[PDB]
Amino acid sequence: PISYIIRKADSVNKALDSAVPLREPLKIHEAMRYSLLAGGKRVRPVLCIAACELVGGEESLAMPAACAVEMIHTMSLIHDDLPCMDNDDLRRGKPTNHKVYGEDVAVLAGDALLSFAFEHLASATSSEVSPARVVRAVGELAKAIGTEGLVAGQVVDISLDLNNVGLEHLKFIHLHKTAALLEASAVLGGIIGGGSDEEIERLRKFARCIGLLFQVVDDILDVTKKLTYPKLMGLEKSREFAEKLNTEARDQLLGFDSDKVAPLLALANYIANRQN
Ligand SMILES: CC(C)=CCC/C(C)=C/CC/C(C)=C/CC/C(C)=C/COP(=O)(O)OP(=O)(O)O
């Protein structure tokens, strides 16, 4: 439950602190840490860890990979927040990177977090993991985040007959800007933990489903307290869609070890039933 996530999130925080220490050049490291070590919920690295354990791995095996996906998540925010893109002065209720360090330092801090993600995944992953698996991890991670994946979502996310193309655009953006990196987290965990190719594909589909589910539920909450699921399919159909995503995510975990699969089932039904 929230306890599993809170506790794994805490171990991730400590790992991130350790992975990117303050050293020379100091400013750049401060700027990287400012953003990396802020208050993310850490869902991506925790899903990574969870996926590793689901397949019989241990948290320690996946921890470098988990840190990499969070570094990549962090760098995406840093760049998205720049004036030339979303122009966010605030995120997490705090000044954004470029507001504290300048746009220049913010771009560089994102660049160094992207590259270090790969350095860390490649260099810090235990030698018990077969290098073929680490190569695959590198490739999955890069693919998930470039032009087929995340960046595609960002270039599309610009704001048309919404009745002809609105739903298609909405699913596209969410699949690309949310599901893609959650898919990479789960896939990297499965890969690094020794999962079969079948197991990896079930984890990929699970992650896609809970990625869409997060956004559908967020939209329902927003109206029961921009283009949205309630606007484009109505609220009832939005609720039916979230329930079908919850079911589908659960169905993907059919066939895994009964005890091992609880934290993922708990995460699906938690995301699904968010009250706040
Ligand atoms: C990765 C490469 C190659 C370039 C980055 C391309 C960019 C700038 C993409 C846009 C990234 C973006 C704004 C993605 C949305 C991510 C998202 C779902 C953010 C909110 O997620 P939470 O998990 O709630 O955030 P916390 O970390 O605060 O928990």
# chains A, B, ... in the order shown; residues from 1 in each chain; ligands from 1
call {"tool": "residues_near_ligand", "arguments": {"ligand": "ligand 1", "cutoff": "9 Å", "atoms": "only C-alpha atoms and all ligand atoms", "output": "PDB file with C-alpha atoms, in the first residue's frame"}}
result
ATOM      1  CA  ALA A  38      12.802  17.670  -4.355  1.00  0.00           C
ATOM      2  CA  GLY A  39       9.522  15.959  -3.358  1.00  0.00           C
ATOM      3  CA  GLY A  40       8.637  13.564  -6.177  1.00  0.00           C
ATOM      4  CA  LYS A  41       6.330  10.673  -5.190  1.00  0.00           C
ATOM      5  CA  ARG A  42       8.860   8.420  -7.027  1.00  0.00           C
ATOM      6  CA  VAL A  43       6.258   6.223  -8.721  1.00  0.00           C
ATOM      7  CA  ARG A  44       8.628   5.466 -11.683  1.00  0.00           C
ATOM      8  CA  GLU A  70      13.881   9.118 -12.028  1.00  0.00           C
ATOM      9  CA  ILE A  72      15.203  11.078 -16.694  1.00  0.00           C
ATOM     10  CA  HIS A  73      11.815  12.010 -15.232  1.00  0.00           C
ATOM     11  CA  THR A  74      13.528  14.897 -13.419  1.00  0.00           C
ATOM     12  CA  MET A  75      15.334  16.190 -16.538  1.00  0.00           C
ATOM     13  CA  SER A  76      12.041  16.096 -18.506  1.00  0.00           C
ATOM     14  CA  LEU A  77      10.479  18.404 -15.969  1.00  0.00           C
ATOM     15  CA  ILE A  78      13.460  20.744 -15.972  1.00  0.00           C
ATOM     16  CA  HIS A  79      13.298  21.156 -19.729  1.00  0.00           C
ATOM     17  CA  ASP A  80       9.472  21.250 -19.897  1.00  0.00           C
ATOM     18  CA  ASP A  81       9.413  24.088 -17.367  1.00  0.00           C
ATOM     19  CA  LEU A  82      11.666  26.379 -19.406  1.00  0.00           C
ATOM     20  CA  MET A  85       8.146  25.379 -23.397  1.00  0.00           C
ATOM     21  CA  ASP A  86       5.643  25.289 -20.524  1.00  0.00           C
ATOM     22  CA  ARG A  91       6.407  23.073  -9.696  1.00  0.00           C
ATOM     23  CA  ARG A  92       5.817  20.903  -6.627  1.00  0.00           C
ATOM     24  CA  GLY A 110      18.771  18.466 -17.493  1.00  0.00           C
ATOM     25  CA  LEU A 114      19.903  12.576 -18.911  1.00  0.00           C
ATOM     26  CA  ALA A 142      16.438   5.502 -24.791  1.00  0.00           C
ATOM     27  CA  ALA A 144      10.948   5.021 -24.494  1.00  0.00           C
ATOM     28  CA  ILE A 145      12.221   8.657 -24.232  1.00  0.00           C
ATOM     29  CA  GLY A 146      13.032   9.839 -27.745  1.00  0.00           C
ATOM     30  CA  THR A 147      10.952  10.632 -30.784  1.00  0.00           C
ATOM     31  CA  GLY A 149       8.078   7.872 -27.170  1.00  0.00           C
ATOM     32  CA  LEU A 150       8.221  10.787 -24.805  1.00  0.00           C
ATOM     33  CA  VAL A 151       9.511  13.524 -27.131  1.00  0.00           C
ATOM     34  CA  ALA A 152       6.756  12.615 -29.559  1.00  0.00           C
ATOM     35  CA  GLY A 153       4.253  13.378 -26.782  1.00  0.00           C
ATOM     36  CA  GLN A 154       5.904  16.758 -26.076  1.00  0.00           C
ATOM     37  CA  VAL A 155       5.951  17.865 -29.760  1.00  0.00           C
ATOM     38  CA  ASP A 157       1.253  18.554 -26.812  1.00  0.00           C
ATOM     39  CA  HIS A 174      -1.037  10.645 -22.252  1.00  0.00           C
ATOM     40  CA  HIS A 176       3.560   9.407 -24.731  1.00  0.00           C
ATOM     41  CA  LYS A 177       4.104  11.865 -21.888  1.00  0.00           C
ATOM     42  CA  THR A 178       2.949   9.526 -19.063  1.00  0.00           C
ATOM     43  CA  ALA A 179       2.777   5.857 -20.098  1.00  0.00           C
ATOM     44  CA  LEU A 181       8.442   6.313 -19.115  1.00  0.00           C
ATOM     45  CA  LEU A 182       6.306   4.241 -16.729  1.00  0.00           C
ATOM     46  CA  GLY A 211      -0.294   5.323 -16.928  1.00  0.00           C
ATOM     47  CA  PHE A 214      -3.608   7.946 -13.529  1.00  0.00           C
ATOM     48  CA  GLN A 215      -4.664  10.619 -15.968  1.00  0.00           C
TER      49      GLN A 215
END
call {"tool": "residues_around", "arguments": {"residues": "residue 202 (chain A)", "least_positions_apart": "4", "cutoff": "7 Å", "atoms": "only C-alpha atoms", "output": "PDB file with N, CA, C and O atoms, in the first residue's frame"}}
result
ATOM      1  N   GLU A 198       7.995 -12.872 -22.188  1.00  0.00           N
ATOM      2  CA  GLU A 198       6.552 -12.799 -21.905  1.00  0.00           C
ATOM      3  C   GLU A 198       6.273 -11.927 -20.672  1.00  0.00           C
ATOM      4  O   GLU A 198       5.371 -11.064 -20.678  1.00  0.00           O
ATOM      5  N   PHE A 206       0.822  -3.653 -18.309  1.00  0.00           N
ATOM      6  CA  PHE A 206       0.452  -3.153 -17.008  1.00  0.00           C
ATOM      7  C   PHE A 206       0.759  -1.661 -16.856  1.00  0.00           C
ATOM      8  O   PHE A 206      -0.095  -0.878 -16.437  1.00  0.00           O
ATOM      9  N   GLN A 252      -3.107  -8.280 -16.505  1.00  0.00           N
ATOM     10  CA  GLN A 252      -1.710  -8.460 -16.956  1.00  0.00           C
ATOM     11  C   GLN A 252      -0.855  -9.190 -15.930  1.00  0.00           C
ATOM     12  O   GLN A 252       0.170  -9.807 -16.288  1.00  0.00           O
ATOM     13  N   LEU A 253      -1.266  -9.152 -14.661  1.00  0.00           N
ATOM     14  CA  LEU A 253      -0.483  -9.737 -13.585  1.00  0.00           C
ATOM     15  C   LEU A 253      -0.930 -11.158 -13.248  1.00  0.00           C
ATOM     16  O   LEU A 253      -0.454 -11.782 -12.287  1.00  0.00           O
TER      17      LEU A 253
END
call {"tool": "closest_residue", "arguments": {"among": "A:97, A:246, A:126, A:269", "to": "residue 65 (chain A)", "atoms": "only C-alpha atoms"}}
result
A:126
call {"tool": "residues_around", "arguments": {"residues": "residue 19 (chain A)", "least_positions_apart": "4", "cutoff": "9 Å", "atoms": "only C-alpha atoms", "output": "list in words"}}
result
residues 14, 15, 64, 67 and 120 of chain A
call {"tool": "select_by_dssp", "arguments": {"residues": "region 31-261 of chain A", "states": "helix (DSSP H, G or I)", "output": "ChimeraX atom specification"}}
result
/A:31-36,43-54,59-80,97-101,103-124,131-145,150-156,162-192,197-224,229-252
call {"tool": "residues_around", "arguments": {"residues": "residue 268 (chain A)", "least_positions_apart": "2", "cutoff": "10 Å", "atoms": "only C-alpha atoms", "output": "number ranges by chain"}}
result
A: 206-207, 209-211, 213-214, 245-250, 262-266, 270-273
call {"tool": "decode", "arguments": {"residues": "region 59-95 of chain A", "atoms": "C-alpha atoms", "output": "PDB file, in the first residue's frame"}}
result
ATOM      1  CA  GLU A  59      15.673  -4.188  -4.908  1.00  0.00           C
ATOM      2  CA  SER A  60      19.456  -3.783  -5.029  1.00  0.00           C
ATOM      3  CA  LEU A  61      19.680  -5.185  -8.576  1.00  0.00           C
ATOM      4  CA  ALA A  62      17.184  -2.631  -9.961  1.00  0.00           C
ATOM      5  CA  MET A  63      18.231   0.370  -7.873  1.00  0.00           C
ATOM      6  CA  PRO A  64      20.603   1.877 -10.442  1.00  0.00           C
ATOM      7  CA  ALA A  65      17.985   1.477 -13.170  1.00  0.00           C
ATOM      8  CA  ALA A  66      15.322   2.948 -10.860  1.00  0.00           C
ATOM      9  CA  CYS A  67      17.551   5.987 -10.227  1.00  0.00           C
ATOM     10  CA  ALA A  68      18.098   6.397 -13.986  1.00  0.00           C
ATOM     11  CA  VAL A  69      14.388   6.530 -14.797  1.00  0.00           C
ATOM     12  CA  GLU A  70      13.881   9.118 -12.028  1.00  0.00           C
ATOM     13  CA  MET A  71      16.812  11.178 -13.322  1.00  0.00           C
ATOM     14  CA  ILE A  72      15.203  11.078 -16.694  1.00  0.00           C
ATOM     15  CA  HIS A  73      11.815  12.010 -15.232  1.00  0.00           C
ATOM     16  CA  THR A  74      13.528  14.897 -13.419  1.00  0.00           C
ATOM     17  CA  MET A  75      15.334  16.190 -16.538  1.00  0.00           C
ATOM     18  CA  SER A  76      12.041  16.096 -18.506  1.00  0.00           C
ATOM     19  CA  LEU A  77      10.479  18.404 -15.969  1.00  0.00           C
ATOM     20  CA  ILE A  78      13.460  20.744 -15.972  1.00  0.00           C
ATOM     21  CA  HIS A  79      13.298  21.156 -19.729  1.00  0.00           C
ATOM     22  CA  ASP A  80       9.472  21.250 -19.897  1.00  0.00           C
ATOM     23  CA  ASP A  81       9.413  24.088 -17.367  1.00  0.00           C
ATOM     24  CA  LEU A  82      11.666  26.379 -19.406  1.00  0.00           C
ATOM     25  CA  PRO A  83      10.180  29.604 -20.790  1.00  0.00           C
ATOM     26  CA  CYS A  84      10.364  28.276 -24.379  1.00  0.00           C
ATOM     27  CA  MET A  85       8.146  25.379 -23.397  1.00  0.00           C
ATOM     28  CA  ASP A  86       5.643  25.289 -20.524  1.00  0.00           C
ATOM     29  CA  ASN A  87       7.160  28.322 -18.823  1.00  0.00           C
ATOM     30  CA  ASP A  88       6.500  27.104 -15.274  1.00  0.00           C
ATOM     31  CA  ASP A  89       7.698  29.379 -12.425  1.00  0.00           C
ATOM     32  CA  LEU A  90       6.430  26.836  -9.909  1.00  0.00           C
ATOM     33  CA  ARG A  91       6.407  23.073  -9.696  1.00  0.00           C
ATOM     34  CA  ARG A  92       5.817  20.903  -6.627  1.00  0.00           C
ATOM     35  CA  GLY A  93       4.859  24.265  -5.031  1.00  0.00           C
ATOM     36  CA  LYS A  94       8.476  25.467  -5.334  1.00  0.00           C
ATOM     37  CA  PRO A  95      10.533  27.664  -7.678  1.00  0.00           C
TER      38      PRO A  95
END
